[PDB]
Amino acid sequence: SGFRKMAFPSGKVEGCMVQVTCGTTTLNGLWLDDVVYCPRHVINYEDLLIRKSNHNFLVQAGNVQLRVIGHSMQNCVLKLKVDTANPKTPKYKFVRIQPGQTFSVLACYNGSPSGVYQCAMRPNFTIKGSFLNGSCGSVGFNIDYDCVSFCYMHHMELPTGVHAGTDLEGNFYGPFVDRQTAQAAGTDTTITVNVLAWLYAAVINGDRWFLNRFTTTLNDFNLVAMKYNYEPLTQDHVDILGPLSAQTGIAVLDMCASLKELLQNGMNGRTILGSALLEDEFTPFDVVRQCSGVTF
Amino acid sequence: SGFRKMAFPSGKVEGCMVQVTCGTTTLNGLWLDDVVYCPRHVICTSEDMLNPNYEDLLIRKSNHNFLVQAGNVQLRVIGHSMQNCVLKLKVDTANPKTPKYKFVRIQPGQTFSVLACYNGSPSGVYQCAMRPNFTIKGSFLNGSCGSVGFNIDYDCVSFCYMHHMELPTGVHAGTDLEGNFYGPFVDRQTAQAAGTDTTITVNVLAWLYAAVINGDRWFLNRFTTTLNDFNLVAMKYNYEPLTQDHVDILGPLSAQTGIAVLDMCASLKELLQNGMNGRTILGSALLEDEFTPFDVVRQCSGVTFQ
Ligand SMILES: CCS(=O)(=O)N1CCN(c2cc(Cl)cc(CC(=O)Nc3cncc4ccccc34)c2)CC1
């Protein structure tokens with residue numbers, strides 16, 4: 001029993017974190033095989049990079065200096081070729097995630113991992129992370145069996161305190177750019193499918209006060225959910241929630257009627273899984289994984 | 001900016017997790033140097049669980065009865081001893097991945113990371129606190145026994161908890177790494193229950209200082225309070241008494257934000273009285289008590305967002 005915001009074990013990623021220094025800027029790099037990946041803002045980036053030589057980039061892996069033997073850019077990520085392949089390189093893939101999908105972030109400072117937390121890619125493409133100066137280059141990932149899927153690299157903080165970054169191929173999540181200019185997160189919405197997943201998790205953990213005898217149509221649910229800045233629920237979301245619906249005996253649209261009632265009437269002094277707000281940073285897969293005990 | 005419930009990176013602990021099997025029971029062990037530590041109830045036959053005589057059960061076991069598996073490698077048990085509620089299995093290989101470590105016993109209100117494990121394999125990491133009633137509100141399923149709680153300060157792993165059992169309310173009980181239970185619990189299946197839990201007042205105040213550092217002041221008020229008047233009000237909401245030690249501990253956060261501890265106490269009293277009125281503090285509609293003053297200083301910046 002119990003339900004926590006759980007991150008993947010970070011060990012496989014910790015062995016990849018390095019410190020990258022160029023000029024006055026120090027940030028984090030991800031060392032995989034013989035390449036160190038980091039935000040290109042450490043260096044017109046084609047014009048700025050052409051003036052740099054390999055020895056301008058100081059890469060430190062623990063108490064060992066790696067020698068940079070090449071450099072290239074891919075979108076907003078700088079790829080520093082080093083002379084040594086990381087012996088700790090795990091089985092990995094670079095994957096781009098969609099809004100609503102969750103991942104773990106290994107927050108680092110000076111190439112030294114400081115903490116691990118779980119978060120979700122918001123529908124507005126920001127992440128509500130916890131980062132200070134020096135955290136750039138910190139990465140987001142998921143683990144599938146023994147394979148690490150790297151999905152995020154931290155680049156910047158927006159004026160509202162939220163964060164923006166890229167996938168590991170340097171493509172930003174969201175309409176952001178990596179420079180000092182006026183940028184703002186768009187109005188965010190609640191990840192409906194994730195709230196429903198969390199309501200199923202609450203039911204599995206014995207919290208059933210919010211259940212009701214009612215059901216709703218998908219269209220009526222979406223009309224109501226649009227009023228509360230909730231993301232539309234699609235038939236794909238309904239299909240994805242099928243296993244949780246079968247386990248608890250609460251049809252997805254039956255849970256939607258519970259959600260509609262919670263949006264219209266509130267919690268009335270009650271909590272669900274120790275929360276007074278509807279939690280949207282657990283996917284249906286996260287709920288199944290935590291309420292089953294999958295290991296890596 | 002931002003404030004998350006952050007766990008320590010689990011890598012140093014992952015390299016210590018092993019699977020311990022005794023008869024039909026399989027659980028997790030912590031392999032440090034040439035010793036594997038695990039709950040002594042791995043020797044119980046489930047029937048034995050009401051009134052186990054661990055000394056009598058252990059004397060009947062030999063080294064080869066304990067199967068220890070580290071990854072895909074079987075470690076050979078060359079000795080065994082029991083220290084309180086922990087079994088210590090001496091093995092013939094020192095763990096090459098043993099980090100710099102210490103065994104520390106924590107007090108209620110202290111936070112730590114838990115590396116939840118099943119079959120000696122890490123499944124996830126989460127942050128939690130030792131409740132005032134000595135339980136932890138963890139997330140554990142069957143087979144999670146032997147999973148550990150730890151803090152990592154300056155590359156040294158301080159092991160503070162080992163998971164032993166789940167109480168009827170869904171909360172969890174365990175020991176320090178010397179096998180001493182936190183709380184009035186026993187490793188028996190006899191009826192046991194967590195005492196009424198309370199809110200960790202010093203942690204809520206720390207979290208209110210974290211909110212001020214991150215730029216939020218809506219909950220502040222023009223009042224102050226005496227420590228005694230604060231405690232009289234706080235006890236009515238099932239909050240732990242705030243001691244002069246707690247006030248002293250909050251000194252650095254008070255100096256950074258410019259808000260005296262007893263002025264922050266007055267804000268907390270008002271929050272308890274009024275609720276949040278549709279507002280949130282650091283993205284939460286409840287008063288958060290699983291961040292210590294030390295955690296707030298660790299995570300938040302040293303410059304307040306005035
Ligand atoms: C009727 C009395 S009682 O209800 O108060 N109770 C007292 C405690 N007791 C007991 C003691 C020990 Cl030392 C070990 C185990 C085994 C265990 O708790 N394992 C687990 C640990 N974590 C999560 C679990 C999730 C689901 C299943 C098992 C879990 C049980 C069970 C009986």
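Lettering of chains follows the sequences in order, A, B, ..., and the numbering in each one begins at 1. Reckoned from all heavy atoms, side chains included, excluding hydrogens, waters and symmetry mates.
Although no hydrogens or angles enter the test, the distance criterion places no donor-acceptor pair under 3.5 Å between the side chain of B:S10 and the main chain of A:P9.
Only the backbone of A:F3 comes within less than 4.5 Å of a heavy atom in chain B; its side chain stays farther off. For chain A, the nearby part of B:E166 is the side chain; its heavy atoms alone come within less than 4.5 Å. Only the side chain of A:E281 comes within contact range of chain B, judged by heavy atoms closer than 4.5 Å. With a 4.5 Å cut-off on non-hydrogen atoms, B:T280 touches chain A through its side chain but not through its backbone. Interface remark: A:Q118 contributes backbone atoms only to the contact with chain B (heavy atom separation under 4.5 Å). In this structure, the portion of B:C300 lying under 4.5 Å from any heavy atom of chain A is its backbone and not its side chain. With a threshold of 4.5 angstrom between heavy atoms, A:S112 does not approach chain B through any atom at all.
Among B:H172, B:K5, B:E14, the residue with the largest count of heavy-atom pairs under 4.5 Å with chain A is B:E14.
Considering only heavy atoms from C-beta on, A:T295 stays 4.5 Å or farther from B:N119 through its side chain.
Across A:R4 and B:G138, no two heavy atoms sit closer than the pair CG-C, 4.4 Å. In this structure, A:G2 and B:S139 approach most closely via the heavy-atom pair O-OG, 3.3 Å. Here the closest heavy-atom approach between residue B:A285 and residue A:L277 is recorded as CB-CG, 3.7 Å.
No more than 12 heavy atoms of other residues, nucleotides or ligands lie within 6.0 Å of CZ in A:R179, so this atom counts as exposed by the packing criterion. The neighbour count for A:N133 CG, taken as heavy atoms of other residues, nucleotides or ligands under 6.0 Å away, does not exceed 12.
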